[PDB]
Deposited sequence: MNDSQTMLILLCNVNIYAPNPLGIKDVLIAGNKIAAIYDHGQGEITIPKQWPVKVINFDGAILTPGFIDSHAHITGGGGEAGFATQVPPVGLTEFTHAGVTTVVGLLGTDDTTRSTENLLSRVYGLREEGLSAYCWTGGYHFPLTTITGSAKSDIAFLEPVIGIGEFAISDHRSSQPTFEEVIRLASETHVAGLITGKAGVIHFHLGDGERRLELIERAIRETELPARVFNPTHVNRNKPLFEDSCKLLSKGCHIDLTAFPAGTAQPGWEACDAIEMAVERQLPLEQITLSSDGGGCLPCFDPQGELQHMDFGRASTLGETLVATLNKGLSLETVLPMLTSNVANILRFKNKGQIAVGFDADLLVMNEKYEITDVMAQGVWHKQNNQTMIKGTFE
């Protein structure tokens, strides 16, 4: 039914509001107000469903800016192509918005594949967007240019994951990179969309040089440049922390626990950023799912809380911080007028309930909706 009243929820918006009741109307958050119960009169003719959550934590849904929705892989032979990621692999991990991309294999996979799968996820109830262009130069696009792709394909928000400082990159020049950045930036103005270039970083010692030079030498705003994997090695993390001062958002990768290799686990990188007093609103977390599994997002969250960080310190990294850089004006907050994408968590931060666009995909820890072929 179309109106859902969520009573007695302890809201992290991500900022803590305390105990509230929330009215959902269709796919939107319509009201948030101090908790009552028996003293409210609901008209009998209105289709309202009332759920009492007994003070459970409610958070916005996670926005995963980096997922290989078509499947990634292929770097160890053709048998290593990962199949497309099922709906429930996102929704059950608390992901209510996904941004898809191609990675190393933009030779056998196409943007048509990517965008098709965005529409398919949208048809199944998930919010979904994608990055055009891919990993290599020349770019992989539908229309022949990034500029035209971002302008005319509504779900295309920018260029990604474009590779720098990696043995698998195209060895892009400074001139190539700043031209791509101009394209996405301008397309963002034309469209109101993110207008960012999301960079895959490898383990090359040149690290962020290209981005540092772009911001120092050119007029392109620093927010256009969005490096990911920045916790993959320690010198790179250190340089990424410095780049915050310029105004970039940086994206950590939620590596499977015990896998962060010679870099930092994401929970440790976040602990470091907190201690250092870095601008936390500029830091985000993504899964690399399909490339990775989206459940590492919540695992990283719980590992952080386990260190003694507060939910409101870390939760923006999965929600409002992502929506700010990606210009998703209606996502990432539990606030009136925003989309009804929300999670309920129990006291050990397991996600028990998942709502996407006002529809339950998981409720009382049970699957309500699964993908067509799951």
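Gaps in the coordinates relative to the deposited sequence fall at 1-5, 297-312.
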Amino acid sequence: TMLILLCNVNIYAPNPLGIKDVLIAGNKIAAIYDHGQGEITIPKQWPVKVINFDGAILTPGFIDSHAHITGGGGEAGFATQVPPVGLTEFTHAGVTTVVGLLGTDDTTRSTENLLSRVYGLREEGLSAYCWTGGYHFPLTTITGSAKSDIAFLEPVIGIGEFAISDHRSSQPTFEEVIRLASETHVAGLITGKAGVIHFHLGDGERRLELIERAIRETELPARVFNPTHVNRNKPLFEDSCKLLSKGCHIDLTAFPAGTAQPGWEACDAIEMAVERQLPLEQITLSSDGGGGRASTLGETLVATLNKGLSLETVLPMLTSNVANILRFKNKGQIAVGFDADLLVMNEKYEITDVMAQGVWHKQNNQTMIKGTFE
From here on, numbers count along this sequence of modelled residues.
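In this entry, the higher average B-factor at the C-alpha atoms falls on 139-147, of the pair 154-162 and 139-147.
With 34-42 and 333-341 compared on mean CA B-factor from the PDB entry, the stretch scoring higher is 34-42. In this structure the maximum Cα B-factor among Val95, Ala260, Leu102, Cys248 is found at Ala260. The deposited CA B-factor of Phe255 belongs to the highest third of values across its chain. Placement of the Cα temperature factor of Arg327 within the chain: middle third of the modelled residues, per the deposited record. Per-chain ranking of the deposited C-alpha B factor places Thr191 in the lowest third. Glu271: CA B factor in the middle third of modelled residues in this chain (values from the PDB entry). When the CA B factors of the chain's modelled residues are split into thirds, the value for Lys234 lands in the middle one.
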